[PDB]
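Working notes, structure below.
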Amino acid sequence: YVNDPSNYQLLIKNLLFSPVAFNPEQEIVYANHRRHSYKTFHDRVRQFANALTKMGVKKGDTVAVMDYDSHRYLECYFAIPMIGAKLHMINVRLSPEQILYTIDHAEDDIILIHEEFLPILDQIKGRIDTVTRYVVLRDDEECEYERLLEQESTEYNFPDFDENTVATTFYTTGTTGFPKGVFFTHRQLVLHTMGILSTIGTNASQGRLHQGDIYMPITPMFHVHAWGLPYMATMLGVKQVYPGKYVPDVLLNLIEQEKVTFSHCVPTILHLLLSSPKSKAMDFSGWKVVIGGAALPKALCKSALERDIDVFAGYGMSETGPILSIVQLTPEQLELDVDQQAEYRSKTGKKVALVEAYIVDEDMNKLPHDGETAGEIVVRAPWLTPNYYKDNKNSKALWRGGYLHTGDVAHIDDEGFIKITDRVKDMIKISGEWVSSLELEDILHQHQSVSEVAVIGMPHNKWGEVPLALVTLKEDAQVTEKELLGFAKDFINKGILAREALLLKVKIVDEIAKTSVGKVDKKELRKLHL
Amino acid sequence: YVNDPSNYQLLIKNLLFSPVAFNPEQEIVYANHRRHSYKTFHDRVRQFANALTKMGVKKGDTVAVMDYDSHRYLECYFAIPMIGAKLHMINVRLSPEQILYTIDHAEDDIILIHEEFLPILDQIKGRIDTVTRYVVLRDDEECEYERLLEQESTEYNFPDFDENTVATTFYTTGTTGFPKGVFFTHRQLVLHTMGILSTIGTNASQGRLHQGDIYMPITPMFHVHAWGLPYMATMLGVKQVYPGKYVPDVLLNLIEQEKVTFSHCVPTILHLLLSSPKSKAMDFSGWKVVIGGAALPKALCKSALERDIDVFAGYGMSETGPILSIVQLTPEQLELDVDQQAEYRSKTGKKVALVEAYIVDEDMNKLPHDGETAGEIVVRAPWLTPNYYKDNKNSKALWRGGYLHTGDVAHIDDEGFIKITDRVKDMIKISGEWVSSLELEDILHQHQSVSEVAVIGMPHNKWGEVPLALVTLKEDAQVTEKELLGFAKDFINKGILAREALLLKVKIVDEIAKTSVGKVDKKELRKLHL
Amino acid sequence: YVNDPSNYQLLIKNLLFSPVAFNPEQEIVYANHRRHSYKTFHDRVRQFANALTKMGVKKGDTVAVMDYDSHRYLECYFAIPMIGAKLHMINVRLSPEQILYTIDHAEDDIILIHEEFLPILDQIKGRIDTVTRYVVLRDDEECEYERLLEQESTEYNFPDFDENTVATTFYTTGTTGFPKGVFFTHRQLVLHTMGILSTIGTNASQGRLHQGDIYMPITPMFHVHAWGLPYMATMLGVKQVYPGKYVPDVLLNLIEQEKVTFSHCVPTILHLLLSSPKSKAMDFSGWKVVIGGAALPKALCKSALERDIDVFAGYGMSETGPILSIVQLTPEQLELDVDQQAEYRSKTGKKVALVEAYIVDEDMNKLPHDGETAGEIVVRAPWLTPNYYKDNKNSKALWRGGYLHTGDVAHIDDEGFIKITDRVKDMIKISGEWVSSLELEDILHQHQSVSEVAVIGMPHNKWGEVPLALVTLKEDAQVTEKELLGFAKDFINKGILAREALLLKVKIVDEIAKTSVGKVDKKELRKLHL
Ligand SMILES: CCCCCCCCCC(=O)OP(=O)(O)OC[C@H]1O[C@@H](n2cnc3c(N)ncnc32)[C@H](O)[C@@H]1O
Ligand SMILES: CCCCCCCCCC(=O)OP(=O)(O)OC[C@H]1O[C@@H](n2cnc3c(N)ncnc32)[C@H](O)[C@@H]1O
Ligand SMILES: [C][C][C][C][C][C][C][C][C]/C([O])=O/P([O])(=O)O[C][C]1O[C](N2[C]=NC3=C2N=[C]N=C3[N])[C]([O])[C]1[O]
Ligand SMILES: [Mg+2]
Ligand SMILES: [Mg+2]
Ligand SMILES: [Mg+2]
């Protein structure tokens, strides 16, 4: 590489060795297994770089990781990109066939796999044929990664290369039939860290990530760089606690004993943490959690606020860095009551620094920013994937019209708060009046004996589409279609006709098909009804 | 320009239209003359862009500004770069000959000059011959800039171009004989804003610039983008107060009545503000000021702290963005007494995010980071000027060894605090024991009747250099050389011989030569002694 | 495209419109469904080109075909490449998951699928998301392809483009875990036709494909361009008979009534044809069949020769055009008895024109051409795939050492006859004496009650590998391990020890795992034993 010293390159090694703050005695904690200082963390990063160089990993190679949230994962976030290699984060929650597909598609040279994921590997090990070495990670002294690090020196000269070198890659499930690989460069990750650290932390009092915080991720580190927050916490030089495999009791004990103040997780994990018996006696006053990946229920947000938790929502996807918007409350909004604060904190959020967010129709006409007009979110940001890896048509559809298409339908109010209604694929085309399936699912989710609602929508001769609803019920507490229709009626707002009782046609279904991740697979549900 | 939508360009228009926060009703205040909202600010930026397009200003053209800190200056920080033109900030405090040299060297097409600077223009107007139009700025309704803006619409489509397009340029005096022009691109300014906003604001409690702050610059806006802070305040959407021509009473009244919480100025301006009679009855508890451009005296810092001012130091130069290091205090350091806090806050500061700072010798050997070992600061950062404009040899000397040479001699302690001792050109070469002139000047500055000290140093046969000192005295309170030598003796530490009484050879001088900026011109002083 | 008229491009349109011979009244026969002349064939090719242009198919697009051997398939061999599009031949015998993987990987825009394959499509239709239109092919008047052709004119101006434009693509199963896509350009297909037509046809009397022949493929047209023979037959302007879905009675009736003289099929199809009851009364004197895809048994060749069939073997793979070698007999060899002629005709064959064939070791040392020294066949030819589509490491392994690695172990005698022993992956590493698994399988296949033999080989402490054998037996005619060992003993030649009775360790297995194609999947068999 022709390195011009005056031509600065935005590299992850600048995130590590030129941080906002660096305390060499600040601790990196891996649950109850390991503790070491930031100086030891840098030494281990250099040792891992030396080991990767010894293992034959060159610039441009792909190193795959199948591990829980640990210090090893963080050492992989830095070391693997910082030597010019591509870090492939494998979603361990995918099916073994999907994991095999991602491994073959990315063509990983080295796989760092935790010993608990060995049963997954054994199902697909014979069909990989592209990985030259497997390193088995363990939470004890017999870890192969630790032994590899021990043989290496703590000195390494990390190279200078183009900031557009691909640093991380991972595959999102979506609805494409096969996982789609998105990739991010060193420049994109550095800009993501800078922009979000300029967005949060510069807030007045609420929702700050600052140098005095103690960081504990509860979002898997294979899930879009764990929302890019491990890089941010390292850049701030804060104390980082890594819980490993998620157990609610272990998570709560780590929060209590390590004085964790900043965390991030999906709403289900927050619900599990708040519903745990031992969380009742815990002090949550100093704990801040940001909820992303799914819509934060207002009831869950209110319950968290009643525990003095600074809970606020965020939004992003695998293609977008991920962070696109974070809920930031003005001091006037912080003076509101608990219900209004829960309403504001459950929003999709205001767009973060350097992000252009618009809601558009099918023709990309940039719908007006009212609190009721819903359209597809299209974004421009410094940390968007340019395309899907080794894909053309899906890549073209992703960036149609010069904007990245999120596939999410939302309305943005006058003050800039986004509120996601549902997905684009879930739109119910009742003539010209498109309605969201999620609002009807939420309406039906308040029934006396309802368990799960999944509104599909199937073609209709007159209205084009009518919202067919699937409802699962409590055991032995059977509810008929007519009772559900009566309950759904008389609610606020409706489509085209009265309260849509003639179109809802609810059907009781034994089970709802779900993807490997856990979201409802409406594509499979359409097979059973149309 | 071939604009690839997925290839994001770091542009100032993204700073303006994609901020961290944007309150359309937030006010931009120009002292007691004008107030308007952020929406009006954006409308005026677009109107100014339209006017510049009408005036024939194309991409690559240079527009010069000779104005005080005003809303017009901010509208120039955005509009002029955001249309692809180069913003030339003219140092109005330079001599008219130097200003003429800078205007001719930069080849400005349009000059926006305040009516108070017209006497300066009239001395050099006949020798410019390169400016096609002069726009006279006034603080009333007869301002030509306001009339030009009034004729234009509030709609403009700002172009997309390479992020490496030069956005701002200005000339530093230095010691080169002629002013040297440094320039910064859109990418460099955006990265400066992002990095410093990640550095300050993410601090725990002390020295924060956050979205709830009220911003008032007391650093001239032609001085290295006013330290880049107007961009940062606009990016945060905070209330901005612009004082115009600096008057201590006006500044204090603006601080009191506009509830200013964040400011920045040179130490002399802070001393003037604290020494003003009306500052005694003012409440300074909520006011944060960062002191740059010169070393902050410990006594001044202590006096500011005794007024409950969150005062801390920063460091930079025209070539470096400018911000390279800012004093950030850990919570342990905030618990110290007033004297220790003043000692820590008066440091040069810890290097800011994405900045590599090293102290090196004449051979660039990266001296160890002890609290006593002094060397020249060499820096790498995303916001450094690549060279001097239309210069080769000085540009080569600036980036010698692959690092930007600051010309400042400093020691960096173990925890990362930089402490500038003096300039490289001011080094006294007493054999192998180089000593700083500023420490001797400070020692002699505590005399009973001393007024100003300027240690030069002239060649010596035995020791190579010996610290010749020039001392100015109080009127009619004459002090001889021997008395000054006796006072300077018996102080802590010395060079090569006892207390350097045989080498100091103090001489009483009527006046000390100073540059147009106001700093001591030791080059002229050398003419009178060697 | 910058078409220089003097710079001739080797295009398939030159194969069609500049043939060796062109009789406009020569017939193209699709079994008992359709008959039309060569003039009608050209008109239908131009109509199909017009329809594809109307359907939005541009140069570089991929059109997939799921059809039996028909006139429609041939019209696809010409029309789709001749307009600059890529013809994707889908192996309809693969599993639906593999077919879906190939469709997604190739990113087909249009799929021409026979109505009999609609059940396969319905299993994977929801997960394709990349195909814009499906054309359903039928053997009657309601065929969508025929209706599309009827709407178009018979005039088309086929473009001139680079001869290196990719014309055809298809996916081979192999042992890579996922199907690997190979592709061939217009130049490669034209050169394949020219070279093989120079190889066969220029033979003196035996094994000729000449202008007086009548052609009927019994090799699927998705299997490596049906061995490139449809192009050759079209280039010769011979009468072509296409049987559609393979039925032995239909095939024999077509051979008898259409006077078919040249055919090609796998050995299993030839065995089925010869074992059919109605083949006994048929006259096979004028019928020539070339057997490829698998080793031709000597017994089957002798049985075919006893029916006066000019049967000879050929060799190739999906990566190599496919044709690499064809059995061509000298007039002296044609005078030999039936047994010697069967021995010669069952060979892998002599390398065809413009093909470099070598047998090499693991270090690529070009083993000598003796009739006993076995090594891996590595080839250079004008019609080899340069790499696997969207693959790097498998592509690198394919062309390791500057030669295409066939993966087949063979010995080449002094006169140039190749004889494949087994695959490279099937090599038994008994110390330095590697032995072929297929020879042991053939030895054990002569047992009194044996049905299927699959020698795997599992690691051994002393000899590295020992030939573990799996044997399936006739129903209720159980045979023990010791009896099989006794039968296998006393045969000609052996490895390292006596007759390898101490290492064979035969095990009786209920069933042998097989791939979707039908070959033995020794990778799955290794899972059950090591
Ligand atoms: C938020 C933090 C703001 C602090 C940045 C201040 C930048 C000031 C740039 C400036 O004055 O530039 P010039 O080229 O005119 O002068 C550069 C020289 O000024 C001296 N300097 C600057 N800051 C200093 C501190 N904090 N202490 C001691 N000396 C300082 C240096 O000689 C520099 O080379
Ligand atoms: C006019 C002459 C026509 C003969 C060409 C036949 C080409 C068949 C291509 C094929 O079957 O390809 P695949 O990738 O599916 O399989 C390739 C592997 O098949 C085995 N093979 C092919 N021909 C063989 C003969 N004649 N004898 C023994 N084995 C054969 C090889 O393992 C090959 O790698
Ligand atoms: C700090 C801040 C943080 C936040 C961020 C988060 C991110 C996440 C990502 C994910 O999850 O991804 P994927 O897997 O691809 O997915 C995507 C999707 O999801 C959803 N979401 C998200 N987020 C949210 C949602 N919803 C609602 N709400 C919210 N917040 C959508 O659909 C997308 O697309
Ligand atoms: Mg996604
Ligand atoms: Mg300077
Ligand atoms: Mg093959």
Side-chain angles (χ1 to χ4, degrees), chain A residues 170-176 179-180 182 223-224 293 315-322 324 385 388 398 404-408 423 517 519, chain B residues 91 93-94 170-176 179-180 182 192-193 195-197 199-201 207-209 217 219-220 222-229 232-233 262-267 288-297 301 312-328 345-350 352 376-377 379 384-385 388 398 404-410 418-426 438 515-519:
Chain A
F170 48 95
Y171 286 72
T172 183
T173 324
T175 55
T176 45
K180 296 262 141 282
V182 300
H223 189 36
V224 63
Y315 164 64
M317 56 213 264
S318 295
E319 294 82 353
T320 60
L324 291 172
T385 190
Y388 290 120
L398 176 71
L404 189 143
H405 283 265
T406 64
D408 300 315
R423 297 282 293 167
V517 178
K519 295 177 180 174
Chain B
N91 188 342
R93 296 175 184 170
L94 295 178
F170 48 95
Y171 286 72
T172 183
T173 324
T175 55
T176 45
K180 296 262 141 282
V182 300
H192 187 267
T193 308
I196 281 69
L197 278 181
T199 305
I200 43 83
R208 293 185 61 212
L209 175 68
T219 291
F222 53 79
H223 189 36
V224 63
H225 325 111
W227 305 349
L229 281 150
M232 279 177 231
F262 193 95
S263 287
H264 50 103
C265 65
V266 290
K288 299 167 285 182
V289 64
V290 47
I291 306 299
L296 171 62
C301 186
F312 56 103
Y315 164 64
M317 56 213 264
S318 295
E319 294 82 353
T320 60
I323 301 171
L324 291 172
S325 67
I326 304 171
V327 169
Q328 301 286 267
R345 288 160 179 271
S346 310
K347 297 272 191 157
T348 305
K350 296 193 176 91
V352 299
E376 189 200 359
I377 304 170
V379 295
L384 306 187
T385 190
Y388 290 120
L398 176 71
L404 189 143
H405 283 265
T406 64
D408 300 315
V409 176
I418 307 163
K419 184 54 170 173
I420 284 171
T421 58
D422 63 340
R423 297 282 293 167
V424 168
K425 305 300 189 176
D426 293 26
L438 290 189
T515 61
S516 51
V517 178
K519 295 177 180 174

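Order of listing sets the numbers, starting from 1, for every ligand and every atom in it. Proteins get letters first, then strands, A, B, ... in listed order; numbering begins at 1 in each. Just so you know, these numbers use all the heavy atoms, side chains as well, and skip hydrogens, waters and symmetry mates.
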*asked:* When you measure from the heavy atoms of B/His264 to every atom of ligand 1, does any distance fall below 4.0 Å?
replied: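 B/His264: no contact with ligand 1 (<4.0 Å).
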*Below 4.0 Å from any atom of ligand 1, is there a heavy atom belonging to B/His225?*
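It does not, in that no heavy atom of B/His225 comes within the 4.0 Å cut-off of ligand 1.
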About how many Å separate [atom2] of [Y] and [atom1] of [X], when rounded to the nearest 0.5 Å?
X: B/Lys347; Y: B/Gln328; atom1: NZ; atom2: CD; value: 15.5 Å
X: B/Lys419; Y: B/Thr348; atom1: NZ; atom2: OG1; value: 5.5 Å
X: B/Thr421; Y: B/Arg423; atom1: OG1; atom2: CZ; value: 11.0 Å

*asked:* Just to verify, which of B/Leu209, B/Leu229, B/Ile323 counts as forming a side-chain contact (heavy atoms from CB on, under 4.5 Å) with B/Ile196?
replied: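 Going through B/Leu209, B/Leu229, B/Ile323 one by one, the side-chain contact (heavy atoms from CB on, under 4.5 Å) with B/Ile196 is satisfied by B/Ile323 alone.
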Can you find a pair of side-chain heavy atoms, one from [X] and one from [Y], that are under 4.5 Å apart?
X: A/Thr176; Y: A/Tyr388; value: no
X: B/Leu324; Y: B/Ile418; value: no
X: B/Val327; Y: B/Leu296; value: no
X: B/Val266; Y: B/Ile291; value: no
X: B/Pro217; Y: B/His264; value: yes

Under 3.5 Å: N/O of [X] near N/O of ligand 1:
X: B/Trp227; result: no
X: B/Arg423; result: yes
X: B/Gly314; result: yes
X: B/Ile323; result: no
X: B/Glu319; result: no

So which heavy atom in the protein is nearest [atom], and how far is it from that ligand atom?
atom: atom 16 (O) of ligand 1; value: B/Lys519 NZ, 3.6 Å
atom: atom 23 (N) of ligand 1; value: B/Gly293 N, 3.3 Å
atom: atom 28 (C) of ligand 1; value: B/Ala295 N, 3.3 Å

Just which atoms of ligand 1 are under 4.0 Å from any heavy atom in [X]?
X: B/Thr172; value: 14 (O)
X: B/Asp408; value: 31 (C), 32 (O), 33 (C), 34 (O)
X: B/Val290; value: 1 (C), 2 (C)
X: B/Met317; value: 9 (C), 12 (O), 14 (O), 17 (C)

*Flag the pair A/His223 / A/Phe170 as yes when their ring centroid distance falls below 6.0 Å, and as no otherwise.*
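Distance test on ring centres: not under 6.0 Å, no.
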*Which bit of B/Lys347 gets closer than 4.0 Å to ligand 1, counting heavy atoms only: side chain, backbone, both or neither?*
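None of B/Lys347 does.
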*Which bit of B/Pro322 is near ligand 1, meaning a heavy atom under 4.0 Å away: side chain, backbone, both or neither?*
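B/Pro322 to ligand 1: side-chain contact only, backbone stays beyond 4.0 Å.
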*In A/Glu319, the N, O or S atom nearest to the Mg ion (ligand 4) is which?*
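Distance check against the Mg ion (ligand 4) picks out OE1 in A/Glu319.
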*Considering non-hydrogen atoms only, spot the tightest contact between B/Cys301 and B/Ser346 and give its length.*
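Between these two residues, the closest heavy atoms are CB-OG, 3.4 Å.
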_Restricting to non-hydrogen atoms, name the atom on A/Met317 and the atom on A/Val224 that form the minimum distance, rounded to 0.1 Å._
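Heavy atoms of A/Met317 and A/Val224 come nearest at O-CG2, 4.1 Å.
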*Select the closest option to atom 22 (C) of ligand 1 among B/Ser318, B/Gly407, B/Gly316, judged by heavy-atom distance.*
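Looking at heavy atoms only, the winner is B/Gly316.
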*Of B/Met232, B/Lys180, B/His223, which has the heavy atom at the shortest distance from atom 10 (C) of ligand 1?*
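Looking at heavy atoms only, the winner is B/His223.
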